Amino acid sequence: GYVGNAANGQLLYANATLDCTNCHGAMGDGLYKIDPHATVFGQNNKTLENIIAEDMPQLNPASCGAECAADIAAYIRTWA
């Protein structure tokens, strides 16, 4: 399995093109909230990695796939 790299995720989350921070804030307390402790996300109870891979960023979800998502997820866990 891939194992997310939090250091990569720090930079990927802040990436100007992905633009996560514009919608979610620096640590998920912006316009749309992210709970960094939750293990299931959305109506389909996806993992953090899969919700990011499949659905984020909204502009173009395919621009952050599985490894990107795994890295970002590892970084998001540190928010708590």
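Quick note: we count residues from 1 along the sequence shown, nothing fancier.
The stretch 4 to 12 shows the higher mean C-alpha B-factor when 4 to 12 is compared against 71 to 79 in the entry.
The PDB entry reports B-factors from which the mean C-alpha value can be compared for 38 to 46 and 25 to 33; the larger average falls on 38 to 46. When the CA B factors of the chain's modelled residues are split into thirds, the value for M56 lands in the lowest one. Annotation for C64: C-alpha temperature factor in the highest third relative to the rest of the modelled chain, per the entry.
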